[PDB]
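Okay, structure first, notes after.
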Amino acid sequence: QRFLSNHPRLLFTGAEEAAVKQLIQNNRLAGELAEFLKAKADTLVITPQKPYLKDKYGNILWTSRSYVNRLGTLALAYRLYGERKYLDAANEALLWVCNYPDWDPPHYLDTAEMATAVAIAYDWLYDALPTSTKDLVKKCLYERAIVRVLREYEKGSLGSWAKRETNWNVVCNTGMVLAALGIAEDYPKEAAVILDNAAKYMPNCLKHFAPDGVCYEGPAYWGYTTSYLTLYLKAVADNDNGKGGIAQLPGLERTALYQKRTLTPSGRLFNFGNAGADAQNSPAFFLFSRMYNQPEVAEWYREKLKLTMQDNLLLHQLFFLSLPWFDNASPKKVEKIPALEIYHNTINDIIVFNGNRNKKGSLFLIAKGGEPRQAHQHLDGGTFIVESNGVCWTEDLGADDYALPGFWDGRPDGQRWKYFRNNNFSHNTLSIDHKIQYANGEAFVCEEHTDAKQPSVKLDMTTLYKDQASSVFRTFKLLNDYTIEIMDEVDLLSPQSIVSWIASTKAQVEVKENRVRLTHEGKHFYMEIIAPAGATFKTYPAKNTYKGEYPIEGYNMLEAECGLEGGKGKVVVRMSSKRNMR
Ligand SMILES: [Mg+2]
Ligand SMILES: [Mg+2]
């Protein structure tokens with residue numbers, strides 16, 4: 001029988017309740033989280049139902065997501081505390097959304113998330129709801145979810161929301177699996193068919209996590225994909241013996257680690273292209289930490305939970321699962337974050353350096369390859385963010401305004417690259433003869449030495465400088481806990497060409513000959529150009545140029561304009577939290 005015999009069988013089982021109640025009693029953070037979620041439930045009890053109302057885009061997705069949060073939080077509070085105001089509020093919400101004319105299947109994410117919300121509450125309140133509500137909910141799940149997805153599996157093309165390569169596949173198949181399992185005792189044959197088709201089609205999306213767990217589309221996209229993926233993984237682990245092998249797909253084991261490990265210690269996101277912080281507190285992290293035995297991720301997510309509660313941050317629609325999924329594990333003292341690791345991806349390789357995290361002033365550095373012709377990308381191959389003492393000493397200026405004239409004209413001669421934020425002049429990489437990178441090139445990791453005493457990695461950037469250089473290689477080397485060396489090897493096509501080493505910063509800048517001192521809130525960082533001999537740093541403010549740009553304020557640029565003997569040589573810059581890098 002391919003489901004647990006009794007409700008609740010979805011995400012937080014009956015058998016799991018005893019241990020969760022003990023955590024709430026015995027673990028302060030879990031206890032604080034329980035009280036926090038109970039208080040959220042308290043206001044949800046007295047919050048109006050949402051009218052069926054499409055947004056400017058023609059869908060109700062925001063409303064479905066609202067009900068995921070409302071129904072999950074209310075039903076959790078009823079299971080943990082037994083106060084019938086939580087049950088009755090969930091009953092009212094269930095009847096309300098079942099009396100919607102539809103769950104807007106023309107934009108099927110709407111149906112996927114509404115079915116998820118409804119299935120969870122139905123399952124979690126099964127013995128505690130009026131029979132008339134259970135009858136109506138079962139019929140709505142059957143007609144609006146199970147019947148539709150069975151048709152979609154049989155008739156849908158590869159472009160179908162159940163089969164395409166985008167995260168719609170994961171979200172929709174997940175919502176359908178949860179709906180099917182929620183009413184499985186009444187539709188067991190349908191639930192088995194849906195389980196098998198979900199496992200068949202979901203790899204069309206999830207194969208793109210291979211090999212190392214990188215989500216090219218960025219953290220918001222990752223957060224939506226994996227919040228629903230973890231519901232699926234947990235549900236089929238609990239109900240179907242893990243059949244279908246989704247959990248073992250290459251890259252999935254490492255994907256939460258990627259998200260945690262690519263933040264600076266102070267929490268700053270590598271905001272390249274149009275990436276931005278919005279996905280923070282999805283409970284997916286606790287499923288990954290438990291299923292793949294990564295206490296490092298659990299410990300990091302608990303810190304995020306504390307901050308979410310302390311600063312009253314916005315909640316992921318599935319945030320309520322953080323409590324039943326609570327993972328109290330921590331890494332052992334002996335376990336260390338590697339000094340250097342690389343996350344390979346077909347579009348942009350990601351490089352991550354860590355000096356000894358237990359030594360104050362040690363360096364964190366993250367850098368990227370990339371393909372600038374891809375959507376939303378910048379001419380930023382080789383750029384890096386370095387952090388020490390809680391300060392990001394180099395920057396990424398983020399995306400500019402999507403409304404700008406020619407913002408999408410991404411051809412090599414296109415208007416997109418005239419904007420500072422889009423081109424390499426704002427990024428921490430090379431400009432030859434004060435020109436932009438070639439938009440149709442790429443930078444990628446071509447050599448790695450992650451186990452050396454001074455670990456290093458080499459990027460091939462040649463094709464980003466196609467008309468200017470016959471080869472361009474950038475090597476990052478961690479010389480010690482406090483010091484990174486960047487070696488650019490450039491074979492110029494013209495021996496008089498100038499190689500500009502550029503970096504952006506929000507720190508105060510003092511330059512003198514081949515040295516830079518950066519200052520921020522009394523903390524310092526240092527840079528020294530050691531090759532070619534006699535090179536000089538200058539500095540100047542970044543500024544706006546074209547009307548309609550997001551304001552560019554508080555950014556300073558560093559630039560070393562370097563000639564190379566015979567047009568062939570090296571630019572070598574050492575960077576350290578200590579002034580002496582001899
Ligand atoms: Mg950028
Ligand atoms: Mg590669």
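Note on naming: chains are A, B, ... as they come in the structure tokens, residues start from 1 per chain, ligands start from 1 in the order shown.
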
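Near ligand 1, the residues found within 7 Å are residues 271, 272, 273, 378, 380, 396, 397, 398, 399, 421, 422 and 427 of chain A (criterion computed using only C-alpha atoms and all ligand atoms).
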
### Message
When you look at residue 249 (chain A) with a cut-off of 9 Å (counting only C-alpha atoms), what residues show up, excluding the ones that are within fewer than 3 positions of it in the same chain? I need them as a ChimeraX atom specification.
### Response
/A:203,206-207,209-210,245-246,252-253

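If only C-alpha atoms are the atoms counted, then among A:175, A:130, A:276, A:211 the closest residue to residue 117 (chain A) is A:175.
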
For the contact check between chain A and ligand 2, emit one row per residue of chain A within 12 Å, containing the shortest atom pair and the distance in Å rounded to one decimal, counting only C-alpha atoms and all ligand atoms, chain then rising number order, as a Markdown table.
```
| residue | atom | partner | partner_atom_place_in_ligand_line | distance |
| --- | --- | --- | --- | --- |
| A:210 | CA | ligand 2 | 1 (Mg) | 11.7 |
| A:211 | CA | ligand 2 | 1 (Mg) | 10.1 |
| A:212 | CA | ligand 2 | 1 (Mg) | 11.1 |
| A:342 | CA | ligand 2 | 1 (Mg) | 10.1 |
| A:343 | CA | ligand 2 | 1 (Mg) | 9.4 |
| A:344 | CA | ligand 2 | 1 (Mg) | 5.9 |
| A:345 | CA | ligand 2 | 1 (Mg) | 6.5 |
| A:346 | CA | ligand 2 | 1 (Mg) | 6.1 |
| A:347 | CA | ligand 2 | 1 (Mg) | 8.4 |
| A:348 | CA | ligand 2 | 1 (Mg) | 8.3 |
| A:349 | CA | ligand 2 | 1 (Mg) | 6.8 |
| A:350 | CA | ligand 2 | 1 (Mg) | 10.2 |
| A:351 | CA | ligand 2 | 1 (Mg) | 11.9 |
| A:368 | CA | ligand 2 | 1 (Mg) | 11.7 |
| A:369 | CA | ligand 2 | 1 (Mg) | 9.4 |
| A:370 | CA | ligand 2 | 1 (Mg) | 10.2 |
| A:371 | CA | ligand 2 | 1 (Mg) | 11.8 |
| A:442 | CA | ligand 2 | 1 (Mg) | 10.7 |
| A:443 | CA | ligand 2 | 1 (Mg) | 9.4 |
| A:444 | CA | ligand 2 | 1 (Mg) | 5.9 |
| A:445 | CA | ligand 2 | 1 (Mg) | 5.9 |
| A:446 | CA | ligand 2 | 1 (Mg) | 7.0 |
| A:447 | CA | ligand 2 | 1 (Mg) | 9.6 |
| A:448 | CA | ligand 2 | 1 (Mg) | 11.0 |
| A:458 | CA | ligand 2 | 1 (Mg) | 11.4 |
| A:459 | CA | ligand 2 | 1 (Mg) | 9.8 |
| A:460 | CA | ligand 2 | 1 (Mg) | 10.1 |
```

Take the selection from the previous step and output its residues with N, CA, C and O atoms, as a tab-separated table (two decimals), in the first residue's frame.
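Output (part-v9.tsv):
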```
chain	number	residue	atom	x	y	z
A	210	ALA	N	22.43	19.28	-11.77
A	210	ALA	CA	23.68	18.55	-11.93
A	210	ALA	C	24.76	19.50	-12.46
A	210	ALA	O	24.46	20.42	-13.22
A	211	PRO	N	26.02	19.29	-12.08
A	211	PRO	CA	26.49	18.20	-11.23
A	211	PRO	C	26.60	18.54	-9.74
A	211	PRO	O	26.65	17.61	-8.92
A	212	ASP	N	26.63	19.83	-9.40
A	212	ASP	CA	27.05	20.28	-8.07
A	212	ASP	C	25.95	21.02	-7.31
A	212	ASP	O	26.23	21.57	-6.24
A	342	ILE	N	34.78	24.36	-5.56
A	342	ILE	CA	34.25	24.88	-6.81
A	342	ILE	C	32.91	24.21	-7.04
A	342	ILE	O	32.77	23.00	-6.84
A	343	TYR	N	31.91	25.00	-7.39
A	343	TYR	CA	30.60	24.50	-7.78
A	343	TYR	C	30.52	24.69	-9.28
A	343	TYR	O	30.43	25.83	-9.76
A	344	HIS	N	30.59	23.59	-10.02
A	344	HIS	CA	30.57	23.66	-11.47
A	344	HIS	C	29.14	23.79	-11.97
A	344	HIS	O	28.21	23.17	-11.46
A	345	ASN	N	28.97	24.63	-13.00
A	345	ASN	CA	27.69	24.77	-13.67
A	345	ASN	C	27.97	25.11	-15.13
A	345	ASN	O	28.98	25.76	-15.43
A	346	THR	N	27.10	24.66	-16.04
A	346	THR	CA	27.40	24.83	-17.46
A	346	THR	C	27.42	26.30	-17.88
A	346	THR	O	28.03	26.63	-18.90
A	347	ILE	N	26.78	27.18	-17.11
A	347	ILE	CA	26.75	28.61	-17.42
A	347	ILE	C	27.78	29.39	-16.60
A	347	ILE	O	28.59	30.12	-17.17
A	348	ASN	N	27.76	29.27	-15.27
A	348	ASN	CA	28.75	29.97	-14.45
A	348	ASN	C	29.25	29.07	-13.33
A	348	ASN	O	28.49	28.68	-12.44
A	349	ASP	N	30.54	28.72	-13.41
A	349	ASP	CA	31.23	28.09	-12.29
A	349	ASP	C	31.33	29.08	-11.14
A	349	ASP	O	31.50	30.28	-11.36
A	350	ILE	N	31.24	28.58	-9.91
A	350	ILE	CA	31.33	29.40	-8.71
A	350	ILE	C	32.51	28.90	-7.88
A	350	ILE	O	32.61	27.70	-7.60
A	351	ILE	N	33.36	29.84	-7.46
A	351	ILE	CA	34.60	29.58	-6.72
A	351	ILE	C	34.41	30.12	-5.32
A	351	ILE	O	34.00	31.27	-5.17
A	368	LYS	N	33.23	34.11	-9.89
A	368	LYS	CA	32.39	33.44	-10.88
A	368	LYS	C	33.07	33.44	-12.25
A	368	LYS	O	33.84	34.34	-12.57
A	369	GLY	N	32.79	32.39	-13.03
A	369	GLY	CA	32.91	32.43	-14.48
A	369	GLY	C	31.67	33.07	-15.05
A	369	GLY	O	31.06	33.93	-14.41
A	370	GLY	N	31.26	32.64	-16.23
A	370	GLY	CA	29.94	33.02	-16.70
A	370	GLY	C	29.86	33.16	-18.21
A	370	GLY	O	30.86	33.13	-18.92
A	371	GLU	N	28.62	33.32	-18.68
A	371	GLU	CA	28.28	33.50	-20.10
A	371	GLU	C	27.39	34.72	-20.21
A	371	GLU	O	26.17	34.63	-19.96
A	442	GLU	N	33.03	33.53	-22.82
A	442	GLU	CA	32.74	32.85	-21.56
A	442	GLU	C	34.01	32.79	-20.72
A	442	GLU	O	35.12	32.87	-21.23
A	443	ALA	N	33.81	32.65	-19.41
A	443	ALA	CA	34.89	32.37	-18.47
A	443	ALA	C	34.53	31.09	-17.73
A	443	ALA	O	33.37	30.91	-17.34
A	444	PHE	N	35.48	30.19	-17.58
A	444	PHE	CA	35.16	28.92	-16.94
A	444	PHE	C	36.39	28.39	-16.23
A	444	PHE	O	37.52	28.71	-16.60
A	445	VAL	N	36.17	27.57	-15.20
A	445	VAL	CA	37.28	26.98	-14.48
A	445	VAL	C	37.95	25.95	-15.38
A	445	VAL	O	37.29	25.03	-15.89
A	446	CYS	N	39.26	26.09	-15.59
A	446	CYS	CA	40.00	25.14	-16.40
A	446	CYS	C	41.05	24.36	-15.63
A	446	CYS	O	41.57	23.38	-16.15
A	447	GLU	N	41.38	24.77	-14.40
A	447	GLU	CA	42.34	24.02	-13.60
A	447	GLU	C	42.02	24.28	-12.14
A	447	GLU	O	41.60	25.39	-11.79
A	448	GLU	N	42.18	23.26	-11.29
A	448	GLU	CA	41.90	23.39	-9.86
A	448	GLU	C	42.94	22.65	-9.04
A	448	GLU	O	43.38	21.55	-9.41
A	458	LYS	N	42.06	28.21	-11.55
A	458	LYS	CA	42.35	29.01	-12.74
A	458	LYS	C	41.11	29.12	-13.62
A	458	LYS	O	40.49	28.11	-13.96
A	459	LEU	N	40.74	30.35	-13.99
A	459	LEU	CA	39.66	30.59	-14.93
A	459	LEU	C	40.24	30.90	-16.30
A	459	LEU	O	41.18	31.69	-16.42
A	460	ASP	N	39.65	30.31	-17.34
A	460	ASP	CA	39.95	30.68	-18.72
A	460	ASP	C	38.93	31.75	-19.11
A	460	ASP	O	37.73	31.47	-19.18
```

Got a sec to tell me which of region 326-444 of chain A DSSP assigns to helix (DSSP H, G or I), as a compact mmCIF listing (two decimals) with N, CA and C atoms, in the first residue's frame?
```txt
# COMPACT_ATOMS: atom_id res chain seq x y z
N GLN A 415 23.09 47.95 -26.90
CA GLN A 415 22.92 49.05 -25.97
C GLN A 415 23.00 48.59 -24.51
N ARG A 416 22.71 47.32 -24.24
CA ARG A 416 22.71 46.84 -22.86
C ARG A 416 24.04 47.12 -22.19
N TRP A 417 25.13 47.01 -22.96
CA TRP A 417 26.45 47.10 -22.36
C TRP A 417 26.92 48.53 -22.18
N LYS A 418 26.18 49.54 -22.66
CA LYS A 418 26.60 50.90 -22.40
C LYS A 418 26.37 51.30 -20.94
N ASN A 424 31.79 45.46 -17.73
CA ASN A 424 32.86 45.06 -16.81
C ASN A 424 33.51 46.23 -16.08
N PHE A 425 33.27 47.48 -16.50
CA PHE A 425 33.87 48.62 -15.81
C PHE A 425 33.42 48.73 -14.35
N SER A 426 32.27 48.15 -14.02
CA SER A 426 31.78 48.17 -12.65
C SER A 426 32.14 46.91 -11.88
```

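When only C-alpha atoms are used to measure the gap to residue 435 (chain A), the shortest distance among A:330, A:423, A:116, A:266 belongs to A:423.
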
### Message
When you look at residue 280 (chain A) with a cut-off of 9 Å (counting only C-alpha atoms), what residues show up, excluding the ones that are within fewer than 2 positions of it in the same chain? I need them as a PyMOL selection string.
### Response
chain A and resi 219-220+223+277-278+282+304+308+314-316

Write out the residues from the selection above, keeping N, CA and C atoms, as a PDB file, in the first residue's frame.
```
ATOM      1  N   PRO A 219      18.810  32.762  -6.478  1.00  0.00           N
ATOM      2  CA  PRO A 219      18.286  32.286  -5.185  1.00  0.00           C
ATOM      3  C   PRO A 219      16.771  32.296  -5.067  1.00  0.00           C
ATOM      4  N   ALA A 220      16.082  33.279  -5.659  1.00  0.00           N
ATOM      5  CA  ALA A 220      14.624  33.286  -5.585  1.00  0.00           C
ATOM      6  C   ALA A 220      14.048  32.067  -6.290  1.00  0.00           C
ATOM      7  N   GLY A 223      14.723  29.010  -4.317  1.00  0.00           N
ATOM      8  CA  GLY A 223      13.861  28.912  -3.146  1.00  0.00           C
ATOM      9  C   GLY A 223      12.482  28.360  -3.469  1.00  0.00           C
ATOM     10  N   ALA A 277      18.449  39.197  -2.742  1.00  0.00           N
ATOM     11  CA  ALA A 277      17.996  38.501  -1.543  1.00  0.00           C
ATOM     12  C   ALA A 277      16.486  38.653  -1.386  1.00  0.00           C
ATOM     13  N   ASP A 278      15.769  37.528  -1.446  1.00  0.00           N
ATOM     14  CA  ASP A 278      14.334  37.482  -1.174  1.00  0.00           C
ATOM     15  C   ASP A 278      13.965  36.119  -0.601  1.00  0.00           C
ATOM     16  N   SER A 282      12.902  29.605   3.801  1.00  0.00           N
ATOM     17  CA  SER A 282      12.149  28.400   3.462  1.00  0.00           C
ATOM     18  C   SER A 282      12.585  27.228   4.338  1.00  0.00           C
ATOM     19  N   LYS A 304      19.165  31.696  10.951  1.00  0.00           N
ATOM     20  CA  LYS A 304      18.181  32.422  10.158  1.00  0.00           C
ATOM     21  C   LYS A 304      16.823  32.485  10.863  1.00  0.00           C
ATOM     22  N   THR A 308      14.851  35.816  11.729  1.00  0.00           N
ATOM     23  CA  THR A 308      13.491  35.998  11.241  1.00  0.00           C
ATOM     24  C   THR A 308      12.564  36.419  12.365  1.00  0.00           C
ATOM     25  N   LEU A 314       9.761  38.849   6.654  1.00  0.00           N
ATOM     26  CA  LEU A 314       8.700  38.219   5.879  1.00  0.00           C
ATOM     27  C   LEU A 314       8.897  36.707   5.836  1.00  0.00           C
ATOM     28  N   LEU A 315       7.787  35.972   5.842  1.00  0.00           N
ATOM     29  CA  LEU A 315       7.821  34.520   5.971  1.00  0.00           C
ATOM     30  C   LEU A 315       7.552  33.855   4.629  1.00  0.00           C
ATOM     31  N   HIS A 316       8.373  32.864   4.292  1.00  0.00           N
ATOM     32  CA  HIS A 316       8.046  31.973   3.189  1.00  0.00           C
ATOM     33  C   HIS A 316       6.672  31.350   3.419  1.00  0.00           C
TER      34      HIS A 316
END
```

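Using only C-alpha atoms, the contacts of residue 74 (chain A) at a cut-off of 7 Å, with sequence neighbours closer than 5 positions omitted, comprise residues 41, 86, 87 and 90 of chain A.
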
## Note on the structure
For residue 65 (chain A), the closest of A:463, A:504, A:132, A:111 counting only C-alpha atoms is A:111

Kindly provide the residues of region 369-482 of chain A that approach region 562-578 of chain A to within 9 Å, each paired with its closest atom pair and their distance in Å to one decimal, based on only C-alpha atoms, listed by chain and increasing number, as JSON lines.
```
{"residue": "A:386", "atom": "CA", "partner": "A:575", "partner_atom": "CA", "distance": 8.8}
{"residue": "A:388", "atom": "CA", "partner": "A:577", "partner_atom": "CA", "distance": 6.7}
{"residue": "A:389", "atom": "CA", "partner": "A:577", "partner_atom": "CA", "distance": 8.2}
{"residue": "A:482", "atom": "CA", "partner": "A:576", "partner_atom": "CA", "distance": 5.5}
```

Saved selection, atoms kept: C-alpha atoms, as a PDB file, in the first residue's frame:
```
ATOM      1  CA  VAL A 386      36.173  39.344  -0.758  1.00  0.00           C
ATOM      2  CA  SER A 388      37.009  39.927   6.182  1.00  0.00           C
ATOM      3  CA  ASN A 389      36.102  41.268   9.639  1.00  0.00           C
ATOM      4  CA  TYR A 482      44.507  36.330   5.621  1.00  0.00           C
TER       5      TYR A 482
END
```

### Task
With a distance cut-off of 10 Å and only C-alpha atoms, select the neighbouring residues of region 322-328 of chain A, excluding the residue or stretch itself and same-chain residues fewer than 4 positions from it, and output the selection as a ChimeraX atom specification.
/A:11-13,16-17,19-21,23-24,27,29-34,37,76,80,234,281-287,289-290,295,297-299,301-302,305,318

Please dump the current selection as an mmCIF file, in the first residue's frame; keep C-alpha atoms.
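Wrote part-v8.cif, looks like this:
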```cif
data_model
loop_
_atom_site.group_PDB
_atom_site.id
_atom_site.type_symbol
_atom_site.label_atom_id
_atom_site.label_comp_id
_atom_site.auth_asym_id
_atom_site.auth_seq_id
_atom_site.Cartn_x
_atom_site.Cartn_y
_atom_site.Cartn_z
ATOM 1 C CA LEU A 11 4.953 16.213 5.846
ATOM 2 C CA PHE A 12 4.333 15.968 9.627
ATOM 3 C CA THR A 13 3.075 12.468 10.468
ATOM 4 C CA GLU A 16 6.363 12.422 14.613
ATOM 5 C CA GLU A 17 4.204 14.446 17.001
ATOM 6 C CA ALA A 19 9.208 14.039 19.453
ATOM 7 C CA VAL A 20 8.193 17.490 18.195
ATOM 8 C CA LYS A 21 6.290 18.211 21.409
ATOM 9 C CA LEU A 23 11.587 19.558 21.352
ATOM 10 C CA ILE A 24 9.210 22.439 22.087
ATOM 11 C CA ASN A 27 14.949 23.254 23.181
ATOM 12 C CA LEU A 29 14.761 27.909 19.945
ATOM 13 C CA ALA A 30 12.113 25.311 19.101
ATOM 14 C CA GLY A 31 10.048 26.665 21.994
ATOM 15 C CA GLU A 32 10.450 30.236 20.746
ATOM 16 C CA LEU A 33 9.522 29.130 17.218
ATOM 17 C CA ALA A 34 6.401 27.347 18.498
ATOM 18 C CA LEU A 37 3.996 30.373 15.041
ATOM 19 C CA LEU A 76 -0.135 23.290 12.966
ATOM 20 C CA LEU A 80 0.129 21.378 18.841
ATOM 21 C CA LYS A 234 9.506 14.166 2.483
ATOM 22 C CA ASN A 281 13.760 31.259 5.409
ATOM 23 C CA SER A 282 12.149 28.400 3.462
ATOM 24 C CA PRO A 283 12.018 25.223 5.599
ATOM 25 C CA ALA A 284 13.662 23.278 2.789
ATOM 26 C CA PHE A 285 16.956 23.679 4.658
ATOM 27 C CA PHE A 286 15.812 21.360 7.469
ATOM 28 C CA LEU A 287 14.761 18.629 5.031
ATOM 29 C CA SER A 289 20.038 18.924 6.593
ATOM 30 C CA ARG A 290 18.266 15.846 7.942
ATOM 31 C CA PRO A 295 24.258 19.592 10.386
ATOM 32 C CA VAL A 297 22.961 23.547 7.128
ATOM 33 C CA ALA A 298 20.725 22.941 10.161
ATOM 34 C CA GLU A 299 22.906 25.168 12.329
ATOM 35 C CA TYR A 301 19.114 27.733 9.256
ATOM 36 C CA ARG A 302 18.561 27.977 13.019
ATOM 37 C CA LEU A 305 15.171 31.397 12.271
ATOM 38 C CA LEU A 318 5.808 27.168 3.807
#
```

## Note on the structure
Of A:402, A:222, A:187, A:62, the one nearest to residue 549 (chain A) when counting only C-alpha atoms is A:402

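The spacing separating CA of residue 413 (chain A) from CA of residue 558 (chain A) amounts to 25.8 Å.
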
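As for CA of residue 191 (chain A) and CA of residue 178 (chain A), they are spaced 9.3 Å apart.
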
### Task
Looking only at strand (DSSP E) from DSSP on the backbone, list the matching residues of region 175-343 of chain A as a ChimeraX atom specification.
/A:340-343

Filtering to N, CA and C atoms, could you give me those residues as a JSON list (two decimals), in the first residue's frame?
```json
[["chain", "number", "residue", "atom", "x", "y", "z"],
["A", 340, "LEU", "N", 39.04, 25.67, -0.17],
["A", 340, "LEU", "CA", 38.64, 26.03, -1.53],
["A", 340, "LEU", "C", 37.71, 24.95, -2.07],
["A", 341, "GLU", "N", 36.56, 25.35, -2.60],
["A", 341, "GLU", "CA", 35.75, 24.43, -3.36],
["A", 341, "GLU", "C", 35.18, 25.15, -4.57],
["A", 342, "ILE", "N", 34.78, 24.36, -5.56],
["A", 342, "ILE", "CA", 34.25, 24.88, -6.81],
["A", 342, "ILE", "C", 32.91, 24.21, -7.04],
["A", 343, "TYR", "N", 31.91, 25.00, -7.39],
["A", 343, "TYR", "CA", 30.60, 24.50, -7.78],
["A", 343, "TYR", "C", 30.52, 24.69, -9.28]]
```
